[PDB]
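> Sharing structure.pdb below, PDB, C-alpha atoms and all ligand atoms:
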```pdb
ATOM      1  CA  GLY A   1      61.092 -58.534 -67.791
ATOM      2  CA  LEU A   2      60.021 -62.093 -67.030
ATOM      3  CA  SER A   3      61.881 -65.376 -67.351
ATOM      4  CA  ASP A   4      60.494 -68.307 -69.309
ATOM      5  CA  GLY A   5      59.493 -70.014 -66.072
ATOM      6  CA  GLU A   6      57.654 -66.906 -64.923
ATOM      7  CA  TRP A   7      55.739 -66.653 -68.195
ATOM      8  CA  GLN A   8      54.830 -70.337 -67.819
ATOM      9  CA  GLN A   9      53.332 -69.543 -64.416
ATOM     10  CA  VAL A  10      51.391 -66.582 -65.839
ATOM     11  CA  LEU A  11      49.893 -68.649 -68.621
ATOM     12  CA  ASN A  12      49.067 -71.483 -66.230
ATOM     13  CA  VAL A  13      47.161 -69.063 -63.986
ATOM     14  CA  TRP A  14      45.466 -67.629 -67.058
ATOM     15  CA  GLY A  15      43.991 -71.051 -67.808
ATOM     16  CA  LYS A  16      41.933 -70.613 -64.648
ATOM     17  CA  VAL A  17      40.555 -67.357 -66.040
ATOM     18  CA  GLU A  18      39.807 -68.788 -69.488
ATOM     19  CA  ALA A  19      37.623 -71.508 -67.972
ATOM     20  CA  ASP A  20      35.165 -68.784 -66.869
ATOM     21  CA  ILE A  21      36.164 -65.517 -68.495
ATOM     22  CA  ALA A  22      32.829 -63.791 -67.877
ATOM     23  CA  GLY A  23      32.689 -64.700 -64.188
ATOM     24  CA  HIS A  24      36.270 -63.579 -63.618
ATOM     25  CA  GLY A  25      35.712 -60.398 -65.626
ATOM     26  CA  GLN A  26      32.523 -59.574 -63.726
ATOM     27  CA  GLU A  27      34.224 -59.995 -60.358
ATOM     28  CA  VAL A  28      37.266 -57.951 -61.391
ATOM     29  CA  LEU A  29      35.096 -54.990 -62.367
ATOM     30  CA  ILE A  30      32.903 -55.316 -59.272
ATOM     31  CA  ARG A  31      36.014 -55.333 -57.079
ATOM     32  CA  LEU A  32      37.268 -52.217 -58.893
ATOM     33  CA  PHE A  33      33.960 -50.347 -58.674
ATOM     34  CA  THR A  34      33.200 -51.177 -55.034
ATOM     35  CA  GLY A  35      36.744 -50.636 -53.770
ATOM     36  CA  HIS A  36      37.306 -47.430 -55.770
ATOM     37  CA  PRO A  37      33.935 -45.818 -56.521
ATOM     38  CA  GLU A  38      35.579 -42.975 -58.446
ATOM     39  CA  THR A  39      36.369 -45.522 -61.181
ATOM     40  CA  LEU A  40      32.659 -46.063 -61.866
ATOM     41  CA  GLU A  41      32.332 -42.408 -62.874
ATOM     42  CA  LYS A  42      34.538 -43.049 -65.910
ATOM     43  CA  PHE A  43      31.927 -45.448 -67.353
ATOM     44  CA  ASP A  44      28.887 -43.644 -68.703
ATOM     45  CA  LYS A  45      27.202 -47.017 -69.185
ATOM     46  CA  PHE A  46      27.742 -48.198 -65.600
ATOM     47  CA  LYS A  47      27.380 -44.997 -63.549
ATOM     48  CA  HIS A  48      23.680 -45.813 -63.056
ATOM     49  CA  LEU A  49      24.670 -48.795 -60.898
ATOM     50  CA  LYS A  50      24.184 -47.802 -57.263
ATOM     51  CA  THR A  51      24.370 -51.138 -55.433
ATOM     52  CA  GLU A  52      26.562 -54.182 -55.828
ATOM     53  CA  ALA A  53      23.410 -56.267 -56.363
ATOM     54  CA  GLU A  54      22.632 -54.178 -59.453
ATOM     55  CA  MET A  55      26.250 -54.650 -60.522
ATOM     56  CA  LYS A  56      25.957 -58.422 -60.074
ATOM     57  CA  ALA A  57      22.684 -58.496 -62.023
ATOM     58  CA  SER A  58      24.024 -56.426 -64.942
ATOM     59  CA  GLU A  59      24.558 -58.529 -68.039
ATOM     60  CA  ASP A  60      26.279 -55.639 -69.799
ATOM     61  CA  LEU A  61      28.851 -55.421 -66.996
ATOM     62  CA  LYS A  62      29.622 -59.108 -67.468
ATOM     63  CA  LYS A  63      29.879 -58.503 -71.210
ATOM     64  CA  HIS A  64      32.375 -55.698 -70.690
ATOM     65  CA  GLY A  65      34.312 -57.885 -68.266
ATOM     66  CA  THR A  66      34.695 -60.409 -71.086
ATOM     67  CA  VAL A  67      35.987 -57.679 -73.411
ATOM     68  CA  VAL A  68      38.534 -56.479 -70.833
ATOM     69  CA  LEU A  69      39.935 -59.889 -69.929
ATOM     70  CA  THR A  70      39.968 -61.046 -73.557
ATOM     71  CA  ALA A  71      42.154 -58.062 -74.395
ATOM     72  CA  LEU A  72      44.441 -58.639 -71.411
ATOM     73  CA  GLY A  73      44.751 -62.333 -72.191
ATOM     74  CA  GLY A  74      45.806 -61.563 -75.752
ATOM     75  CA  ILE A  75      48.514 -59.263 -74.388
ATOM     76  CA  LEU A  76      49.749 -61.778 -71.803
ATOM     77  CA  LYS A  77      50.036 -64.514 -74.427
ATOM     78  CA  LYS A  78      52.605 -62.363 -76.264
ATOM     79  CA  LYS A  79      55.033 -62.801 -73.326
ATOM     80  CA  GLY A  80      56.094 -59.157 -73.404
ATOM     81  CA  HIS A  81      56.211 -58.703 -77.194
ATOM     82  CA  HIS A  82      52.968 -56.767 -77.079
ATOM     83  CA  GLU A  83      53.742 -53.357 -78.614
ATOM     84  CA  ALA A  84      51.109 -53.681 -81.357
ATOM     85  CA  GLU A  85      48.430 -54.961 -78.959
ATOM     86  CA  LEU A  86      49.185 -52.441 -76.217
ATOM     87  CA  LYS A  87      49.491 -49.226 -78.265
ATOM     88  CA  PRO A  88      45.766 -48.869 -79.177
ATOM     89  CA  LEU A  89      44.712 -49.559 -75.587
ATOM     90  CA  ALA A  90      47.161 -47.021 -74.190
ATOM     91  CA  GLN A  91      45.931 -44.490 -76.728
ATOM     92  CA  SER A  92      42.221 -45.066 -76.149
ATOM     93  CA  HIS A  93      42.578 -45.083 -72.373
ATOM     94  CA  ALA A  94      44.641 -41.889 -72.304
ATOM     95  CA  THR A  95      42.922 -39.855 -75.005
ATOM     96  CA  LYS A  96      39.308 -41.029 -75.126
ATOM     97  CA  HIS A  97      38.515 -42.567 -71.736
ATOM     98  CA  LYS A  98      40.977 -40.426 -69.718
ATOM     99  CA  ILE A  99      41.992 -43.199 -67.310
ATOM    100  CA  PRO A 100      44.836 -42.239 -64.938
ATOM    101  CA  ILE A 101      47.585 -44.820 -64.499
ATOM    102  CA  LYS A 102      46.537 -45.085 -60.840
ATOM    103  CA  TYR A 103      43.329 -46.798 -61.942
ATOM    104  CA  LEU A 104      45.398 -49.361 -63.851
ATOM    105  CA  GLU A 105      47.182 -50.055 -60.572
ATOM    106  CA  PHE A 106      43.771 -50.489 -58.903
ATOM    107  CA  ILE A 107      42.596 -53.012 -61.505
ATOM    108  CA  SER A 108      45.898 -54.904 -61.345
ATOM    109  CA  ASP A 109      45.525 -55.427 -57.607
ATOM    110  CA  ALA A 110      41.852 -56.333 -58.138
ATOM    111  CA  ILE A 111      42.892 -59.168 -60.457
ATOM    112  CA  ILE A 112      45.171 -60.584 -57.745
ATOM    113  CA  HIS A 113      42.355 -60.279 -55.194
ATOM    114  CA  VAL A 114      39.832 -62.073 -57.413
ATOM    115  CA  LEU A 115      42.243 -64.918 -58.172
ATOM    116  CA  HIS A 116      42.679 -65.619 -54.457
ATOM    117  CA  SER A 117      38.941 -65.274 -53.851
ATOM    118  CA  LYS A 118      37.918 -67.743 -56.575
ATOM    119  CA  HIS A 119      40.876 -70.135 -56.190
ATOM    120  CA  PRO A 120      41.774 -70.081 -52.479
ATOM    121  CA  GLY A 121      44.782 -72.242 -51.785
ATOM    122  CA  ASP A 122      45.289 -72.741 -55.526
ATOM    123  CA  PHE A 123      47.081 -69.453 -56.339
ATOM    124  CA  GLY A 124      50.516 -70.091 -54.901
ATOM    125  CA  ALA A 125      53.211 -67.631 -53.953
ATOM    126  CA  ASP A 126      55.220 -68.275 -57.127
ATOM    127  CA  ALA A 127      52.106 -67.803 -59.270
ATOM    128  CA  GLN A 128      51.260 -64.547 -57.490
ATOM    129  CA  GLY A 129      54.816 -63.349 -58.021
ATOM    130  CA  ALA A 130      54.736 -64.023 -61.748
ATOM    131  CA  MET A 131      51.256 -62.588 -62.301
ATOM    132  CA  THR A 132      52.201 -59.447 -60.395
ATOM    133  CA  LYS A 133      55.320 -58.986 -62.521
ATOM    134  CA  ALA A 134      53.303 -59.439 -65.712
ATOM    135  CA  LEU A 135      50.757 -56.811 -64.651
ATOM    136  CA  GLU A 136      53.603 -54.472 -63.664
ATOM    137  CA  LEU A 137      55.124 -54.842 -67.126
ATOM    138  CA  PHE A 138      51.740 -54.137 -68.732
ATOM    139  CA  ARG A 139      51.265 -51.034 -66.572
ATOM    140  CA  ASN A 140      54.824 -49.832 -67.137
ATOM    141  CA  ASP A 141      54.564 -50.023 -70.913
ATOM    142  CA  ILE A 142      51.240 -48.168 -70.762
ATOM    143  CA  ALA A 143      52.924 -45.569 -68.534
ATOM    144  CA  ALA A 144      55.593 -44.998 -71.174
ATOM    145  CA  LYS A 145      52.910 -44.224 -73.756
ATOM    146  CA  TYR A 146      51.099 -41.975 -71.283
ATOM    147  CA  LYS A 147      54.312 -39.982 -70.797
ATOM    148  CA  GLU A 148      54.791 -39.625 -74.550
ATOM    149  CA  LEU A 149      51.261 -38.180 -74.728
ATOM    150  CA  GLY A 150      51.694 -35.953 -71.678
ATOM    151  CA  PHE A 151      48.692 -37.579 -70.045
ATOM    152  CA  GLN A 152      48.253 -37.494 -66.278
TER
HETATM  153  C1  LIG X   1      43.557 -54.574 -67.604
HETATM  154  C2  LIG X   1      43.303 -53.290 -67.880
HETATM  155  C3  LIG X   1      42.308 -52.855 -68.968
HETATM  156  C4  LIG X   1      42.074 -53.411 -70.154
HETATM  157  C5  LIG X   1      42.772 -54.635 -70.789
HETATM  158  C6  LIG X   1      41.030 -52.653 -70.794
HETATM  159  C7  LIG X   1      40.495 -52.928 -72.021
HETATM  160  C8  LIG X   1      39.485 -52.227 -72.634
HETATM  161  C9  LIG X   1      38.960 -52.488 -73.955
HETATM  162  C10 LIG X   1      39.437 -53.636 -74.874
HETATM  163  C11 LIG X   1      38.010 -51.585 -74.196
HETATM  164  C12 LIG X   1      37.170 -51.431 -75.476
HETATM  165  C13 LIG X   1      38.051 -50.831 -76.600
HETATM  166  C14 LIG X   1      38.670 -49.484 -76.280
HETATM  167  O1  LIG X   1      37.897 -48.529 -76.021
HETATM  168  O2  LIG X   1      39.931 -49.371 -76.317
HETATM  169  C15 LIG X   1      37.899 -50.713 -73.035
HETATM  170  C16 LIG X   1      37.034 -49.653 -72.887
HETATM  171  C17 LIG X   1      36.958 -48.838 -71.791
HETATM  172  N1  LIG X   1      37.803 -48.874 -70.700
HETATM  173 FE1  LIG X   1      39.208 -50.259 -70.315
HETATM  174  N2  LIG X   1      40.642 -51.619 -69.959
HETATM  175  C18 LIG X   1      41.406 -51.736 -68.819
HETATM  176  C19 LIG X   1      41.355 -50.914 -67.714
HETATM  177  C20 LIG X   1      40.475 -49.871 -67.568
HETATM  178  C21 LIG X   1      40.252 -49.098 -66.356
HETATM  179  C22 LIG X   1      41.001 -49.310 -65.023
HETATM  180  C23 LIG X   1      39.307 -48.188 -66.618
HETATM  181  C24 LIG X   1      38.654 -47.126 -65.706
HETATM  182  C25 LIG X   1      38.723 -47.109 -64.374
HETATM  183  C26 LIG X   1      38.879 -48.365 -67.977
HETATM  184  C27 LIG X   1      37.934 -47.601 -68.619
HETATM  185  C28 LIG X   1      37.378 -47.894 -69.834
HETATM  186  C29 LIG X   1      36.230 -47.241 -70.414
HETATM  187  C30 LIG X   1      35.453 -46.086 -69.755
HETATM  188  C31 LIG X   1      35.974 -47.810 -71.584
HETATM  189  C32 LIG X   1      34.826 -47.470 -72.558
HETATM  190  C33 LIG X   1      33.606 -48.280 -72.112
HETATM  191  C34 LIG X   1      32.386 -48.088 -72.982
HETATM  192  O3  LIG X   1      31.660 -47.083 -72.800
HETATM  193  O4  LIG X   1      32.115 -48.957 -73.846
HETATM  194  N3  LIG X   1      39.618 -49.393 -68.537
HETATM  195  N4  LIG X   1      38.821 -51.136 -72.097
END
```
Go ahead and express the file in the form of structure tokens.


Amino acid sequence: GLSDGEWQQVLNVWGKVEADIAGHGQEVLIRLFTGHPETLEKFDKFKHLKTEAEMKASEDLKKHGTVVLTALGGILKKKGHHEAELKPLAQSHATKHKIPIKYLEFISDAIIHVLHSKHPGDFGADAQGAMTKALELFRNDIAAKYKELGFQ
């Protein structure tokens, strides 16, 4: 649950992402894959990537980064009223991709890391607080659907 002022911070930060969605999406996935190499094994189309240089050179990884952040941005713009947008993603990630909630924690922290890396000194403590709360809400509502499905 976020206040109006917190949502305003989230959507202000998101403007930074929308200026370069592919570059942000690429770096988020690279941070996930290099920090948590077990996550790469869930992607049949990226498991061939052995080095970060190959990851950086992969145009399909940048494409998928655009898909991921476009979906997340659509959810964030609903300011919590995201049941219709979130349900299909919860279902596909639990039942088809088999993504444990832990990996959603990993990618949430990766987003925070990338924002500081690309905007050092321009991602203030209030903005980090609000973005963190928004990603916690996203993860918590996914977790509720995971529990319904019995997925661990
Ligand atoms: C912010 C969190 C995430 C968002 C918004 C997101 C979004 C998406 C979307 C929109 C798709 C394509 C449609 C679909 O299959 O539902 C997708 C596919 C997929 N996601 Fe995610 N995802 C997220 C996190 C993760 C994480 C953490 C993992 C694994 C560590 C993951 C694994 C996958 C896989 C394996 C696919 C299929 C890729 C393919 O072969 O095309 N997702 N995701």

> Please expand the PyMOL selection byres (((not hetatm)) within 9 of (chain X and resi 1)) into the concrete residues it hits in this file, giving the result as a PDB file with C-alpha atoms, in the frame of the given file.


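out_18.pdb was written with the following content:
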```
ATOM      1  CA  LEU A  29      35.096 -54.990 -62.367  1.00  0.00           C
ATOM      2  CA  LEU A  32      37.268 -52.217 -58.893  1.00  0.00           C
ATOM      3  CA  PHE A  33      33.960 -50.347 -58.674  1.00  0.00           C
ATOM      4  CA  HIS A  36      37.306 -47.430 -55.770  1.00  0.00           C
ATOM      5  CA  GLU A  38      35.579 -42.975 -58.446  1.00  0.00           C
ATOM      6  CA  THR A  39      36.369 -45.522 -61.181  1.00  0.00           C
ATOM      7  CA  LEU A  40      32.659 -46.063 -61.866  1.00  0.00           C
ATOM      8  CA  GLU A  41      32.332 -42.408 -62.874  1.00  0.00           C
ATOM      9  CA  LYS A  42      34.538 -43.049 -65.910  1.00  0.00           C
ATOM     10  CA  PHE A  43      31.927 -45.448 -67.353  1.00  0.00           C
ATOM     11  CA  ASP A  44      28.887 -43.644 -68.703  1.00  0.00           C
ATOM     12  CA  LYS A  45      27.202 -47.017 -69.185  1.00  0.00           C
ATOM     13  CA  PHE A  46      27.742 -48.198 -65.600  1.00  0.00           C
ATOM     14  CA  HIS A  64      32.375 -55.698 -70.690  1.00  0.00           C
ATOM     15  CA  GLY A  65      34.312 -57.885 -68.266  1.00  0.00           C
ATOM     16  CA  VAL A  67      35.987 -57.679 -73.411  1.00  0.00           C
ATOM     17  CA  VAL A  68      38.534 -56.479 -70.833  1.00  0.00           C
ATOM     18  CA  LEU A  69      39.935 -59.889 -69.929  1.00  0.00           C
ATOM     19  CA  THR A  70      39.968 -61.046 -73.557  1.00  0.00           C
ATOM     20  CA  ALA A  71      42.154 -58.062 -74.395  1.00  0.00           C
ATOM     21  CA  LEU A  72      44.441 -58.639 -71.411  1.00  0.00           C
ATOM     22  CA  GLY A  73      44.751 -62.333 -72.191  1.00  0.00           C
ATOM     23  CA  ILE A  75      48.514 -59.263 -74.388  1.00  0.00           C
ATOM     24  CA  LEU A  86      49.185 -52.441 -76.217  1.00  0.00           C
ATOM     25  CA  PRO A  88      45.766 -48.869 -79.177  1.00  0.00           C
ATOM     26  CA  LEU A  89      44.712 -49.559 -75.587  1.00  0.00           C
ATOM     27  CA  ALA A  90      47.161 -47.021 -74.190  1.00  0.00           C
ATOM     28  CA  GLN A  91      45.931 -44.490 -76.728  1.00  0.00           C
ATOM     29  CA  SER A  92      42.221 -45.066 -76.149  1.00  0.00           C
ATOM     30  CA  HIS A  93      42.578 -45.083 -72.373  1.00  0.00           C
ATOM     31  CA  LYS A  96      39.308 -41.029 -75.126  1.00  0.00           C
ATOM     32  CA  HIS A  97      38.515 -42.567 -71.736  1.00  0.00           C
ATOM     33  CA  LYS A  98      40.977 -40.426 -69.718  1.00  0.00           C
ATOM     34  CA  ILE A  99      41.992 -43.199 -67.310  1.00  0.00           C
ATOM     35  CA  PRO A 100      44.836 -42.239 -64.938  1.00  0.00           C
ATOM     36  CA  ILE A 101      47.585 -44.820 -64.499  1.00  0.00           C
ATOM     37  CA  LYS A 102      46.537 -45.085 -60.840  1.00  0.00           C
ATOM     38  CA  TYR A 103      43.329 -46.798 -61.942  1.00  0.00           C
ATOM     39  CA  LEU A 104      45.398 -49.361 -63.851  1.00  0.00           C
ATOM     40  CA  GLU A 105      47.182 -50.055 -60.572  1.00  0.00           C
ATOM     41  CA  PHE A 106      43.771 -50.489 -58.903  1.00  0.00           C
ATOM     42  CA  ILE A 107      42.596 -53.012 -61.505  1.00  0.00           C
ATOM     43  CA  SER A 108      45.898 -54.904 -61.345  1.00  0.00           C
ATOM     44  CA  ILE A 111      42.892 -59.168 -60.457  1.00  0.00           C
ATOM     45  CA  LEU A 135      50.757 -56.811 -64.651  1.00  0.00           C
ATOM     46  CA  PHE A 138      51.740 -54.137 -68.732  1.00  0.00           C
ATOM     47  CA  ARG A 139      51.265 -51.034 -66.572  1.00  0.00           C
TER      48      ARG A 139
END
```

> Contacts of residue 130 of chain A at 10 Å or less, counting all atoms listed in the file, minus same-chain residues fewer than 5 places along, as a ChimeraX atom specification?

/A:2-3,5-11,13,125,135-136

> What lies within 12 Å of residue 52 of chain A using all atoms listed in the file, ignoring chain neighbours under 2 positions off, as an MDAnalysis selection string?

chainID A and resid 26:27 29:35 37 40 46 48:50 54:58 61

> Restricting the calculation to only C-alpha atoms: of A:118, A:112, A:145, A:95, which residue gets closest to residue 16 of chain A?

A:118

> Point out the residue among A:134, A:122, A:62, A:147 with the least atom-to-atom distance to residue 78 of chain A, counting only C-alpha atoms.

A:134

> Rebuild N, CA and C atoms on segment 18-36 of chain A, as an mmCIF file, in the coordinates of the input?


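In the end it all went to part.cif:
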```cif
data_model
loop_
_atom_site.group_PDB
_atom_site.id
_atom_site.type_symbol
_atom_site.label_atom_id
_atom_site.label_comp_id
_atom_site.auth_asym_id
_atom_site.auth_seq_id
_atom_site.Cartn_x
_atom_site.Cartn_y
_atom_site.Cartn_z
ATOM 1 N N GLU A 18 40.455 -68.438 -68.231
ATOM 2 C CA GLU A 18 39.807 -68.788 -69.488
ATOM 3 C C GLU A 18 38.705 -69.820 -69.317
ATOM 4 N N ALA A 19 38.713 -70.577 -68.222
ATOM 5 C CA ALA A 19 37.623 -71.508 -67.972
ATOM 6 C C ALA A 19 36.315 -70.786 -67.663
ATOM 7 N N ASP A 20 36.376 -69.550 -67.167
ATOM 8 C CA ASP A 20 35.165 -68.784 -66.869
ATOM 9 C C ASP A 20 35.525 -67.310 -67.014
ATOM 10 N N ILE A 21 35.696 -66.875 -68.258
ATOM 11 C CA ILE A 21 36.164 -65.517 -68.495
ATOM 12 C C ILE A 21 35.134 -64.492 -68.033
ATOM 13 N N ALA A 22 33.849 -64.771 -68.238
ATOM 14 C CA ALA A 22 32.829 -63.791 -67.877
ATOM 15 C C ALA A 22 32.687 -63.657 -66.365
ATOM 16 N N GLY A 23 32.769 -64.769 -65.633
ATOM 17 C CA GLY A 23 32.689 -64.700 -64.188
ATOM 18 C C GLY A 23 33.889 -64.004 -63.584
ATOM 19 N N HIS A 24 35.091 -64.299 -64.094
ATOM 20 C CA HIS A 24 36.270 -63.579 -63.618
ATOM 21 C C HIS A 24 36.188 -62.102 -63.974
ATOM 22 N N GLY A 25 35.765 -61.791 -65.202
ATOM 23 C CA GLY A 25 35.712 -60.398 -65.626
ATOM 24 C C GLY A 25 34.697 -59.596 -64.834
ATOM 25 N N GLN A 26 33.526 -60.191 -64.588
ATOM 26 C CA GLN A 26 32.523 -59.574 -63.726
ATOM 27 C C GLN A 26 33.093 -59.259 -62.347
ATOM 28 N N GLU A 27 33.744 -60.232 -61.713
ATOM 29 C CA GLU A 27 34.224 -59.995 -60.358
ATOM 30 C C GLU A 27 35.355 -58.982 -60.330
ATOM 31 N N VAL A 28 36.201 -58.954 -61.358
ATOM 32 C CA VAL A 28 37.266 -57.951 -61.391
ATOM 33 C C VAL A 28 36.675 -56.547 -61.407
ATOM 34 N N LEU A 29 35.704 -56.313 -62.283
ATOM 35 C CA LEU A 29 35.096 -54.990 -62.367
ATOM 36 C C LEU A 29 34.333 -54.638 -61.098
ATOM 37 N N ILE A 30 33.622 -55.600 -60.512
ATOM 38 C CA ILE A 30 32.903 -55.316 -59.272
ATOM 39 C C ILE A 30 33.871 -54.963 -58.151
ATOM 40 N N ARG A 31 34.994 -55.678 -58.067
ATOM 41 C CA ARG A 31 36.014 -55.333 -57.079
ATOM 42 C C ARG A 31 36.565 -53.932 -57.323
ATOM 43 N N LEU A 32 36.794 -53.566 -58.586
ATOM 44 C CA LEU A 32 37.268 -52.217 -58.893
ATOM 45 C C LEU A 32 36.243 -51.166 -58.492
ATOM 46 N N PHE A 33 34.987 -51.362 -58.884
ATOM 47 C CA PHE A 33 33.960 -50.347 -58.674
ATOM 48 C C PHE A 33 33.618 -50.180 -57.200
ATOM 49 N N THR A 34 33.585 -51.275 -56.440
ATOM 50 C CA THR A 34 33.200 -51.177 -55.034
ATOM 51 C C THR A 34 34.362 -50.704 -54.171
ATOM 52 N N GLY A 35 35.591 -51.091 -54.522
ATOM 53 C CA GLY A 35 36.744 -50.636 -53.770
ATOM 54 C C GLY A 35 37.136 -49.207 -54.082
ATOM 55 N N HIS A 36 36.863 -48.746 -55.300
ATOM 56 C CA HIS A 36 37.306 -47.430 -55.770
ATOM 57 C C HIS A 36 36.170 -46.789 -56.542
#
```
